[PDB]
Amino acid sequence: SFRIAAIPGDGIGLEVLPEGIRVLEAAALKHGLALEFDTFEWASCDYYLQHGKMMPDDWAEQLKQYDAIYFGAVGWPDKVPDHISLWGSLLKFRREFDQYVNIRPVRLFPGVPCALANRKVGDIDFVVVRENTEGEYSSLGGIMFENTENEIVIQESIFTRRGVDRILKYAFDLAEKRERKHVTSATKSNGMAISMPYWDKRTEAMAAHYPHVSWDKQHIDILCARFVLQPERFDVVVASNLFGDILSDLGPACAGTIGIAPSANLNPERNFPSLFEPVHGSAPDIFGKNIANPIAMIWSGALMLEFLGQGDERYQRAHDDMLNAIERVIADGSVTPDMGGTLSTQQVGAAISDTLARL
């Protein structure tokens, strides 16, 4: 049996998570999987307002008893600053459980109104491999001469050979397994004079060990432009913490909505539990009207089963059936308003769950 730590967090995380669990429980029944869910109320801004911290001091001790983390979203800027909420919860999960690979697939499904003109199904099908433990996302630095005309703010970005090499290796290994065998590296080696030339140097060094893999590097500005103008060129896109963050909102947007995009925060060595969550945040401006798209949450669940399954064919079939159910519901138009439909969050969850059971 697999033990799952379910952590809804803030906002629409509370709306979409139960729909993810619903579909997972339907998948478990169908394929005879043994799954056990425990729900935690912390890693939320409500917990912060009561305790002065996002999580209890022994959070890591508690979560290490679980096989994986199923996570909604964190953040409520009306009550708690965004840097406090994220760094006090999700970023601690990512860094302390060494979940260095952030896998975020981008796909245009049949029946989706595409944001891009003259694009067909097949034109948008790639994976963002995002470095998840270092880089531009930092709490290093500080402020000098605060509250004066001479005020200076410094922010450090750290890249290591260990961290850079391991994300590049994962991306090239992934490309090798895929049909197109192609890696695009996100860079900015003109403007960032130290970090990015180094990233390029390590990319070149890694690409040499993969004779079968075609590779190119693109400055982040023109890469974003190409997501819009020629998304067909991409298969595996490898990027730093910040660049990967940007590309994994932009990609899904080109495919029509951010509401379907899942993410796997993987510790591939399996020394710590991995974390599965939507790309999207807590969406405070739609929380409460139950119109949040639950597909991102559900797809994240499918990725979780695929990762936990390893050698077990039951878990792979459960993943495949969940994707099948998602595809069918989208084709039917049984979707939320962000995809042009009229169904509520709960109705979409129910539709996917029912479709899955009827497969």
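The numbering used is simple: start at 1 and walk along the sequence shown.
Undergrad: If you take the mean CA temperature factor per stretch, which one wins between 295-303 and 56-64?
TA: The stretch with the larger mean CA B-factor is 56-64.
Undergrad: Hey, which bit's got the bigger mean C-alpha B factor in the entry, 183-191 or 238-246?
TA: Result: 183-191.
Undergrad: Between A225, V112, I258, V129, which one tops the list for Cα B-factor in this entry?
TA: Result of the comparison over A225, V112, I258, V129: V112.
Undergrad: Between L168, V121, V153, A253, which carries the biggest CA temperature factor in the record?
TA: Comparing C-alpha B-factors across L168, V121, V153, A253, the maximum falls on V121.
Undergrad: Could you say whether, by C-alpha temperature factor, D285 belongs to the lowest, middle or highest third of its chain?
TA: It falls in the middle third of the chain.
Undergrad: Can you tell me whether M196 has a C-alpha B-factor in the lowest, middle or highest third compared with the other modelled residues of the same chain?
TA: Middle third by C-alpha B-factor.
Undergrad: For the chain shown, is the CA B-factor of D221 in the lowest, middle or highest third of its modelled residues?
TA: Its C-alpha B-factor, which the entry lists for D221, ranks in the lowest third among residues of this chain.
Undergrad: Divide the modelled residues of the chain into thirds by Cα B-factor and specify which third, lowest, middle or highest, holds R104.
TA: Answer is lowest: the recorded C-alpha B-factor places it there.
Undergrad: Test of reading the entry: by CA B factor among the chain's modelled residues, which third contains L275?
TA: Lowest third.
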